């Protein structure tokens, strides 16, 4: 029974969009699970096996309870029955209260393609007659949120991560192959000051909210507020 299940297309997606929030939730003694849909086998830098090691270290730094690896294809997250079914299994295993996934308004098409698959899976996961690979019972997710990877958009709300910005930056620096040039690295948008740009975005959202750093989220489901109305 995870409190949170956070999907990314590629390892490092969840950390870029909400690593400060994961670190915050783990410190509140929530159970947080991370699921990567792909092994990022088309990444310009690194290898599949090195990337897995880096992702395991990022998850340990944040205190995530489990890292689940799916093997859908990098640049191949086409809508299909079989891809949805694989994700339904993960949802029904973790029985999360809240699912997070990438926001679709992003230069990388895998981010929106991942969100479309995860939305179909959340619905199918709650239908008892829908059969997954492991024949697991129906599960109804209560909260569904979207985090930003490449975007800088006006979010529906923010979460204060002022106390976990260092844990987020450590989790990102775990992906040395992705963000840090080396003798054999090639130039990508990620190797040219990208962690400083994520920090700049979280500083701007923090300013909107009167704190040092905040992460932005969307919800398509209606938000119901209680303690946070007057705070």
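Residue numbers count along the first chain shown, from 1.
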Averaging the C-alpha temperature factors as deposited, the higher value of 123-131 versus 110-118 falls on 123-131
Of 78-86 and 97-105, the stretch whose C-alpha atoms average the higher B-factor in the entry | 78-86
Checking the entry, which one of 40, 64, 35, 200 has the top C-alpha B factor?
-> 64
Can you work out whether the C-alpha temperature factor of residue 210 puts it in the lowest, middle or highest third of the chain?
-> highest
Residue 58's Cα B-factor: lowest, middle or highest third of the chain?
-> middle
Is the Cα B-factor recorded for residue 180 in the lowest, middle or highest third of its chain?
-> highest
Compared with the other modelled residues in the chain, in which third is the CA B-factor of residue 136?
-> highest
In terms of the chain's CA B-factor thirds, is residue 2 lowest, middle or highest?
-> highest
